[PDB]
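Comments concern the structure below.
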Amino acid sequence: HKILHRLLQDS
Amino acid sequence: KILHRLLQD
Amino acid sequence: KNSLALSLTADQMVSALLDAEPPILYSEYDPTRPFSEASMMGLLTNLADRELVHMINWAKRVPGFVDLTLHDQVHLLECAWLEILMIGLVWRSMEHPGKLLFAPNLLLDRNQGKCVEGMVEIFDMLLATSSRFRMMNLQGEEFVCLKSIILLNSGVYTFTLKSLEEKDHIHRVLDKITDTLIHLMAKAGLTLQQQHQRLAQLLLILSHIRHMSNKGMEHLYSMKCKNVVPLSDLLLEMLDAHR
Amino acid sequence: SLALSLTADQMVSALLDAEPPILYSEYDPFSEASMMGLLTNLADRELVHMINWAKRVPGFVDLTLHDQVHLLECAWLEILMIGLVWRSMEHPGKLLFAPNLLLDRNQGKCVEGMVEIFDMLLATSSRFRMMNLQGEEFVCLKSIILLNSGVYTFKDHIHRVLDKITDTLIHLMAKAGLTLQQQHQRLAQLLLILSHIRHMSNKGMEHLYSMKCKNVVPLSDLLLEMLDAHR
Ligand SMILES: O=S1C=CC(c2ccc(O)cc2Cl)=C1c1ccc(O)cc1Cl
Ligand SMILES: O=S1C=CC(c2ccc(O)cc2Cl)=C1c1ccc(O)cc1Cl
């Protein structure tokens, strides 16, 4: 649930 | 300051 | 497979990096109110948090970075985020001797850095780095190379057996950027001896940038426990990735 | 300054001749205090030889006494670590602190936070192993650390000597038959490792500071002086 994950995730 | 002395030698 | 980065030429590498440059953000700084330790830290925290969002999307546009797995991308940014914030700040502050340009409306000297405990020692190192860039007359094409080198290199040695091809792919892009730096220095009329010397001088600065990041990370962890100014949820994630 | 007048071969042989010796640990598992005591005693004795090694680095004696103190205070743990990494190349998965003190990462778990520093050191040794680092290249990197790590916390002379060592590194690679493209690539790869050696030093400096107030093992006066210069 890392914020860095989602910001890298979304497209 | 031991570092001083060791550098003077 | 069939990496786009390995196919790029030297001039194409520069263009892609220059196109990916994040913007220079502004802060909520009001020159009317003087500085306090909580207010100045709040300004720098608010600014760094918004820059992190742009950095994460800038990293996606770095050639070769998208080819890495999500776990590797997280790891590289987690260990290099403060290094990238600092070299960008140092780059913005080149034309302002003795001053750090956090934002076009936030220009601080080493005296105003004393408003925060321990911050003055970090300000002096950032100023000395900016003087070194000015001393070397660093070029924007060289700067975007060093910033991408920091992203790919700073966390590559902190990586089991099959993923060695991923580490090898990063080193291939790192050598690609080295060829780009040499290609830049050859265009500016530098001899082969001058190209190697300037190449070494630039990469030795990254050693000091790592040193500033380690000291900066300990200072941010101090402010977290001091609880005087709250940190953003993203900065807390990036900060806890170093302990 | 005679350092700039030397040739590339005369710079290599001067650095090779100045190499400190490989010291032995105190003879004869390990607890926290025992391992930290062996490492403290070893690092303290290695520091005396490093200080005399620094005097023999071409151009280092030309600096004032204050600048010599500043450079050693900032680079001492980096120099100890890069020498440890160099000794451990022929021993993959292990750290050769001394010929009679060969440790693995499992033995690094005896001390708190020591396993993290151990893994970074082992990773650096593997990188030197994968790159086939040569002893002539190693002595140049160690001299670069001494002159560069503290040069920005102060200088034109130090940078002239640094350029001199850069000419020596390239000269060694051209002697080995590497092409021009392979020369600046290997030069970049070697210097980028110094960024991680600096990282290990800052992490190692914090660990030694925690050992100080944990007071597990008493530190020597010289080691405390080198440690207090970072806080
Ligand atoms: O301790 S710090 C030294 C430099 C900065 C800094 C701030 C904003 C920015 O856009 C870039 C940088 Cl390098 C510090 C800082 C402070 C608070 C904070 O919450 C985060 C940071 Cl990074
Ligand atoms: O924390 S440390 C990581 C490596 C070492 C180390 C020890 C001895 C030596 O000859 C060389 C090294 Cl690099 C650590 C260390 C430990 C205790 C101590 O008192 C001093 C040090 Cl430097």
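Protein chains in written order, with the entry's author numbering: chain D, 687 to 697; chain C, 688 to 696; chain B, 303 to 461, 465 to 548; chain A, 305 to 332, 336 to 461, 472 to 548. Beta carbons: idealized from backbone N, C-alpha and C, even for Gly.
*Name the residue from A:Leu489, A:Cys447, A:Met490, A:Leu504 whose alpha carbon lies nearest to the alpha carbon of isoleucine 482 (chain A).*
Within the fourth sequence, numbered from 1, the residue matching residue 482 (chain A) stands at position 165. Taking only the C-alpha atoms, the option nearest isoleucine 482 (chain A) is A:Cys447.
*Relative to ligand 2, is the shortest distance from any of its heavy atoms to the C-beta of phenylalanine 404 (chain A) smaller than 8 angstroms?*
One-based indexing of the fourth sequence puts residue 404 (chain A) at position 97. Result yes, Cβ under 8 angstroms from ligand 2.
*Residues in its own chain within less than 7 angstroms of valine 368 (chain B) by CB, not counting five upstream and five downstream?*
For the purposes of this step, residue 368 (chain B) is taken as the residue at position 66 of the third sequence. Excluding residues within five positions, the ones whose Cβ falls inside 7 angstroms are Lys362.
*Can you tell me the Cβ-Cβ gap for residue 462 (chain A) and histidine 501 (chain B), rounded? I've got them flagged as a contact below 8 angstroms.*
Coordinates for residue 462 (chain A) are simply not present: the residues of chain A run from 461 and resume at 472.
*Bounding residues of the beta strand (DSSP E) (the contiguous stretch that carries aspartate 411 (chain B))*: Against the third sequence, residue 411 (chain B) aligns to sequence position 109. From DSSP, the beta strand (DSSP E) with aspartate 411 (chain B) extends over 408-411.
_Threshold first: 4 residues or longer. Then list the alpha helix (DSSP H) segments lying entirely within the region 327-367 of chain B, N to C._
339-362
*Give the residues from the region 376-396 of chain B that approach chain D closer than 8 angstroms (Cβ to any Cβ), ordered along the chain.*
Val376, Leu379, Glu380
*asked:* I'd like the ranges of any beta strand (DSSP E) spanning at least 3 consecutive residues and lying wholly in the region 378-458 of chain B.
replied: 401-405, 408-411
*Measuring from the CB of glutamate 353 (chain B), is there a heavy atom of ligand 1 at a distance below 8 angstroms?*
Indexing the third sequence from 1 puts residue 353 (chain B) at position 51. For ligand 1, at least one heavy atom lies less than 8 angstroms from the Cβ of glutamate 353 (chain B).
_With H, G and I counted as helix, E and B as strand and the rest as coil, what does DSSP make of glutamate 542 (chain B)?_
Numbered from 1 along the third sequence, position 237 holds the residue referred to as residue 542 (chain B). Of the three classes helix, strand and coil, the one that applies to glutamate 542 (chain B) here is helix, per DSSP.
_Nearest residue (CA-CA) to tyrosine 328 (chain A), options A:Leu403, A:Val376, A:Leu387_ = Numbered from 1 along the fourth sequence, position 24 holds the residue referred to as residue 328 (chain A). With distances taken between Cα atoms, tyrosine 328 (chain A) lies closest to A:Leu403.
*With a threshold of 8 angstroms, establish whether the CB of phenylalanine 425 (chain B) neighbours any heavy atom of ligand 1.*
Your numbering for residue 425 (chain B) matches position 123 in the third sequence. Yes; taking the cut-off as 8 angstroms, the Cβ of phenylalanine 425 (chain B) has a heavy atom of ligand 1 nearer than that.
*asked:* Give me the chain B residues within the contact set of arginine 434 (chain A), using Cβ-Cβ distance strictly less than 9 angstroms, ordered along the chain.
replied: Against the fourth sequence, residue 434 (chain A) aligns to sequence position 127. Result: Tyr459.
*Against chain B: residues of the region 509-522 of chain A by CB proximity under 7 angstroms*: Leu509, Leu511, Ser512, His513, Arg515, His516, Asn519
*chain C residues whose Cβ lies nearer than 8 angstroms to that of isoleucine 358 (chain A)*: Along the fourth sequence, read from residue 1 onward, the residue named residue 358 (chain A) stands at position 51. Going along chain C in sequence order, the residues near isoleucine 358 (chain A) (Cβ under 8 angstroms) are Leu690, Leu693, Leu694.
*Quick one: is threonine 311 (chain A) near chain B, going by C-beta distance under 9 angstroms?*
In the fourth sequence, residue 311 (chain A) corresponds to position 7, counting from 1. Chain B, which has no Cβ nearer than 9 angstroms to the Cβ of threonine 311 (chain A), makes this no.
_Same chain, Cβ closer than 8 angstroms to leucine 370 (chain B), neighbours up to 5 away in sequence not counted_ = Sequence index remark: in the third sequence, residue 370 (chain B) carries index 68 (1-based). Closer than 8 angstroms at Cβ, skipping near neighbours: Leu378, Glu471, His474, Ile475.
*Distance, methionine 342 (chain B) Cα to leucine 391 (chain A) Cα*: Within the fourth sequence, residue 391 (chain A) is the residue found at index 84, counting from 1. Within the third sequence, residue 342 (chain B) is the residue found at index 40, counting from 1. Distance between the alpha carbons of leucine 391 (chain A) and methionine 342 (chain B): 43 angstroms.
*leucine 544 (chain B) versus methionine 522 (chain B): straight-line alpha-carbon distance, rounded*: Here the question's residue 544 (chain B) lines up with position 239 in the third sequence. Here the question's residue 522 (chain B) lines up with position 217 in the third sequence. Their backbone Cα atoms lie some 7 angstroms apart in a straight line.
*Name the two residues that bound the continuous alpha helix (DSSP H) containing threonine 465 (chain B).*
As a working note, residue 465 (chain B) is residue 160 in the third sequence. Looking at the DSSP string, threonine 465 (chain B) is not in any alpha helix (DSSP H), and its letter there is neither H nor E.
*Measuring alpha carbon to alpha carbon, tell me which of A:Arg548, A:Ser537, A:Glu542, A:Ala546 ends up nearest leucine 349 (chain A).*
As a first step, residue 349 (chain A) must be located in the fourth sequence, where it is residue number 42. Among A:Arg548, A:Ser537, A:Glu542, A:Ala546, the Cα nearest to that of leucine 349 (chain A) belongs to A:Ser537.
*Is DSSP giving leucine 536 (chain A) helix, strand or coil here?*
Here the question's residue 536 (chain A) lines up with position 219 in the fourth sequence. Note: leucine 536 (chain A) maps to coil in three-state DSSP.
*Give the residues of chain D in contact with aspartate 538 (chain B), contact being defined as C-beta atoms less than 7 angstroms apart.*
For this step, residue 538 (chain B) is matched to residue 233 along the third sequence. In chain order: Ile689.
*At least one CB of chain B closer than 9 angstroms to the CB of residue 463 (chain A): is that the case?*
The residue list of chain A ends a segment at 461 and starts the next at 472, so residue 463 (chain A) has no coordinates to report.
*For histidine 501 (chain B), which residues in chain A fall below 7 angstroms Cβ to Cβ?*
Counted from its first residue, the third sequence places residue 501 (chain B) at position 196. Simply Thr483, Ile487, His501, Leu504.
*Could you confirm whether any beta carbon from chain D is found closer than 9 angstroms to the beta carbon of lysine 472 (chain B)?*
The residue labelled residue 472 (chain B) in the question sits at position 167 within the third sequence. Chain D contact via Cβ: absent.
*Listed in chain order, which residues of the region 359-375 of chain A have Cβ atoms closer than 9 angstroms to some Cβ of chain C?*
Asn359, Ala361, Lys362, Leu372, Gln375
*Would you grab the beta carbon distance between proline 399 (chain B) and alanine 307 (chain B) for me? Rounded to a whole angstrom, and I think it's under 8 angstroms.*
Your numbering for residue 399 (chain B) matches position 97 in the third sequence. Your numbering for residue 307 (chain B) matches position 5 in the third sequence. Actually they are not in contact, since the Cβ atoms of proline 399 (chain B) and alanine 307 (chain B) sit about 36 angstroms apart, beyond 8 angstroms.
*7 angstroms Cβ cut-off: residues of chain B touching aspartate 480 (chain A)*: Sequence index remark: in the fourth sequence, residue 480 (chain A) carries index 163 (1-based). By Cβ distance, chain B contributes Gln502.
*Say yes only if the C-beta of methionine 421 (chain B) is nearer than 8 angstroms to one or more non-hydrogen atoms of ligand 1, and no if none qualify.*
For the purposes of this step, residue 421 (chain B) is identified with residue 119 of the third sequence, where counting begins at 1. Under cutoff, so the answer is yes.
*asked:* Between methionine 388 (chain B) and ligand 1, is there a pair consisting of the residue's CB and a ligand heavy atom that are separated by less than 8 angstroms?
replied: For the purposes of this step, residue 388 (chain B) is taken as the residue at position 86 of the third sequence. Yes, ligand 1 has a heavy atom inside 8 angstroms of this Cβ.
*asked:* Need the endpoints of the alpha helix (DSSP H) that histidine 476 (chain B) sits in, please.
replied: Here residue 476 (chain B) refers to the residue found at position 171 of the third sequence. Residues 469-492.
*asked:* By the three-class DSSP mapping on this structure, what secondary structure does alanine 307 (chain B) have?
replied: In the third sequence, the residue the question calls residue 307 (chain B) occupies position 5. It is helical.
*Given a threshold of 16 other Cβ atoms within 10 Å of its Cβ, counted over all protein chains shown, does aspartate 374 (chain B) qualify as buried or as exposed?*
Position 72 of the third sequence, counted from the start, is the residue given in the question as residue 374 (chain B). So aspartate 374 (chain B) counts as buried.
_For a contact defined as C-beta to C-beta under 7 angstroms, what are the partners of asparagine 455 (chain A) on chain B?_
Here residue 455 (chain A) is taken as the residue at index 148 of the fourth sequence, counted from 1. Simply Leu509, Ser512.
*Is the Cβ of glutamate 542 (chain B) closer than 9 angstroms to any Cβ of chain D?*
Numbered from 1 along the third sequence, position 237 holds the residue referred to as residue 542 (chain B). It does: the Cβ of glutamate 542 (chain B) has a partner Cβ on chain D nearer than 9 angstroms.
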